[PDB]
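Consider the single chain below, provided in structure tokens and representing the form deposited in one PDB entry.
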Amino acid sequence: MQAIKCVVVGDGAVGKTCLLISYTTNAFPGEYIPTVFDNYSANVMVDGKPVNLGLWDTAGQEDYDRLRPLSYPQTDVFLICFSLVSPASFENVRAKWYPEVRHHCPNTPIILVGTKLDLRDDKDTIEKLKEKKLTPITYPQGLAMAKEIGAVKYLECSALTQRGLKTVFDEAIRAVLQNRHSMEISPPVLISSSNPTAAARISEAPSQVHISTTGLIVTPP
């Protein structure tokens, strides 16, 4: 089975973990728990042929800067995420995440993902940004940032509503499997995860992330 490794990076609180849990299990977690590393191993069918996705979640906090690149070797595609309602997270795409990824991985494709699409029209969110002379990030603004960092695609989504969500992962797959026509991609079947919320939905005992000689590995429950 062809395997694809995808690593998700971006500022704290932009919605990386919810993106992964929502896509892989159609659930949306109930308490914000900061990530260290987590793995999701999910299968899809691309034009009727199985492909394994190895999805890696990372910590957005700067305290994990030294450790985070442990996840990077052998990555096939990065998702750099920012919240559509956090201008700071948007600027950090350029200031922090693009350089960090590119310095480690000069040739790996990047998809730029704007998250929390469901908040872009939220009155309270808009007003709070306006108090600070700011606005939610617009689609053209995200597109421009994607061009500045040489991302292969710019995509917007909500983990909460799932608008745009399948497309993020399908386009990540398409960006990797450049020889495939990839006309149709099935929803994912989660096989294993180290995230307790996601692992519980395979049932409905998480795997464990460990350091190994070869980088990060997963040990079964």
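One-based numbering along the sequence shown. Rigid core here is just the name for the largest C-alpha set that superposes within 1.5 Å across the two forms. Shifts are known only where both forms have a C-alpha.
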Should the segment between residue 204 and residue 205 be described as having none, 1 to 3, 4 to 9, or 10 or more unmodelled residues of the deposited sequence? 4 to 9
When the C-alpha temperature factors are averaged for each of 111-119 and 136-144, which stretch ends up with the higher value in the entry? 136-144
Between the two ranges 155-163 and 174-182, the one averaging a larger CA B factor in the entry: 174-182
Check the PDB entry and point out which of 54, 30, 188, 69 has the largest C-alpha temperature factor. 30
Would the CA B-factor of residue 36 place it in the lowest, middle or highest third of its chain? highest
Select lowest, middle or highest to describe the third in which the CA B-factor of residue 58 falls within its chain in this entry. lowest
For residue 74, return the chain-relative third of its C-alpha B-factor as stated in the PDB record: lowest, middle or highest. highest
Lowest, middle or highest third: where is residue 105 by C-alpha B factor in its chain? middle
Consider only the C-alpha atoms of the modelled residues in this chain, order them by B-factor as the entry records it, and name the third containing residue 95: lowest, middle or highest. middle
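Just so it is clear, the following notes concern the form deposited in another entry, a form of the same protein that is not shown.
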Tell me whether residue 154 is among the residues that move between this form and the one not shown (Cα shift of 2 angstroms or more, core superposed). no
Checking residue 61 here: with the core superposed, does its CA move 2 Å or more between this form and the one not shown? yes
Just checking, between this form and the one not shown and with the core aligned, does residue 52 shift 2 Å or more at the CA? no
Residue 32 and residue 76, C-alpha gap in the other entry relative to this structure (3 Å or more): farther
Distance change of 3 Å or more between the C-alpha atoms of residue 37 and residue 104 in the other entry: closer or farther compared with this structure? farther
In terms of 2 Å or greater CA shifts after rigid core superposition, the runs of three or more consecutive residues between this form and the one not shown are 27-38, 46-50, 59-64
